[PDB]
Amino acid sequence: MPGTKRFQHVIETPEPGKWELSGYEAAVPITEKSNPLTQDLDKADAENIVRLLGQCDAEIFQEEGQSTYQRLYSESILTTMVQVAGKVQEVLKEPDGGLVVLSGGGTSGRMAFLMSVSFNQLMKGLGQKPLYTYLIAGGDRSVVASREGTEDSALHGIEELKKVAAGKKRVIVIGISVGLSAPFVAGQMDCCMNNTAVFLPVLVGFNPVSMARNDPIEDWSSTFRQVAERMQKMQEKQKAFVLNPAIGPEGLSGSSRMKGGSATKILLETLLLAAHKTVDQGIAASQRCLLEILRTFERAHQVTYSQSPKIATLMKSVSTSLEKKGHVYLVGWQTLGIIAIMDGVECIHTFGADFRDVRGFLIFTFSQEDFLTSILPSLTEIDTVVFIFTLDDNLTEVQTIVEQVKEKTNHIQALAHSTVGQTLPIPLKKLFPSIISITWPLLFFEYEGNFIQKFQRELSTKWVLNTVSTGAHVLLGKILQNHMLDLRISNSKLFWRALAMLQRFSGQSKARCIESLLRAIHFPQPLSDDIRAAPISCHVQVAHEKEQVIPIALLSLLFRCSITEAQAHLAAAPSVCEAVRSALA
């Protein structure tokens, strides 16, 4: 029948209590899983949430039990990281005609950018021509925009690769898809394997290859799975590499911006920093060199969540300011300002939040007195502002902006990253009673700009912010158990998550779930055969423009009613959360 191909590969819903014995649970990609720790994240109070996420973040460093999937500390992952570092080095020793590209969609692309800058600086501060560049699905404006739909084209990915790789004779392409998912990277990786004489692709994400996305790509003949499998085959002969540790499911199912984003930095910063450090010392990179860095990153998790109680407060605030339809500002300096922006803009697609509910700010790029005029007038008693800076920053520029905002707001708090024995000028101190400071024990730093203290600082911030924004929204009832049900479908991945959530939550058959979801999307049009057989982009295109789609489809299924009857129910409820929740009992 119409729509069998389109949906052949979707796993059928299990009968009740079979979910584990059907073989389904074991088929759920790790990146999409329900993390058992967060089953009741929707009941947790603010301080628990922080524990829970802090604990979810911990899993990055958790070791492989005795049978199971390789992890970040496993010998095979470290051996691959060493080989890849080894291959970076061949390129480092020959900067003329060489290039290194870090490429991904969404937050994977955000990470690629942050990184590529730093390693450009490293080389620059040593007067070397920088060989790093990045690629973000949707071109460079994607870096700081919510643009979920751009990831779904493999040709786009390839065209942007060919742009950036024109003159060159040695290109290393680090393809980054947490889920081993994005058609953007799929194309690049494949392009590479077509031209190894020039190209060396390194796939990075956090599912085993056997869970890699197997869906038809609309402009491409192979799947991510096939590309990823072919890479793995080239790995013996060292012409491609797959770097894919399990780090455990996200605390918020499918939210790869969080642990997936962190692990991406932890993993690549490590390998690259080691690759550099060691060329200059004339030694081959070693499992022992990477391990230094990994353990430092692991310490940083302890250091960061050491401040858990002051993280929870800031959450309790960010949520209360949002509860009262107020706004939240995330002002920060340098690299940290950027992480501030990236997080605010991620709450758009993640939580169907307006660009303003969590806004981020660099000194988006508004310098001192441009932020005093432009933004400072229209704040309020109820808003929250967060300040994020090191004790190495223009702390004069800081105290100035905090001063004005104290009159216009009292719900300020702050994040400051200090080396040990660095002191907090007394004006600032008195402005923040219950401050959050992180002190970094001294480290025997090699290079010019102390990059390892950079990578530390960025990560620690991302953790805090990811945790705040994310838990804030939870406190507000927008999350259902540990799933975000009411997402805007803006690409094919999101479309599949929507459908898997309908199966999980209704527990009805896939065919019924598909029909209700596609009805929900296409309303007022009824299911025709064209619609049933349409490619997934066409559903996306139409859903992307609509509101409450997934909830309305779930309700149609629950009451076993039509869309018309489900809309009219949802309009007659106080809220969406409540309506869905009621219907689920």
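Heads up: residue numbers just count along the shown sequence, starting at 1. Rigid core here is just the name for the largest C-alpha set that superposes within 1.5 Å across the two forms.
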Greater root mean square CA deviation, 192 to 200 compared with 430 to 438 in 7 other deposited structures of this protein, core aligned = 430 to 438
request  = Give, as the answer, the stretch of 20 to 28 and 559 to 567 that departs more from the shown form in 7 other deposited structures of this protein; the measure is RMS Cα distance after a core fit.
outcome  = 20 to 28
query = According to the PDB entry, how many deposited residues between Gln66 and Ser67 are absent from the model (none, 1 to 3, 4 to 9, 10 or more)?
reply = 1 to 3
key: Interresidue gap class [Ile363, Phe364; deposited sequence, unmodelled]   = 10 or more
key: Per the entry, higher mean C-alpha B factor between 326 to 334 and 106 to 114   = 326 to 334
Greater mean Cα temperature factor according to the PDB record, 472 to 480 or 400 to 408 = 400 to 408
task = Using the temperature factors in the entry, find which of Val204, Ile514, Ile136, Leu379 has the highest value at its Cα atom.
result = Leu379
message = Out of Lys493, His349, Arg356, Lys462, whose C-alpha atom has the biggest B factor in the entry?
response = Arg356
query = Based on the entry's values, in what third of the chain does the Cα temperature factor of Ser434 lie: lowest, middle or highest?
reply = highest
key: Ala568 - Cα temperature factor, lowest/middle/highest third of chain   = middle
query = Thinking about Cα B factors across the chain, which third does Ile11 belong to?
reply = lowest
remark   = The third of the chain into which the C-alpha temperature factor of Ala46 falls is the highest
query = Would the CA B-factor of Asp190 place it in the lowest, middle or highest third of its chain?
reply = middle
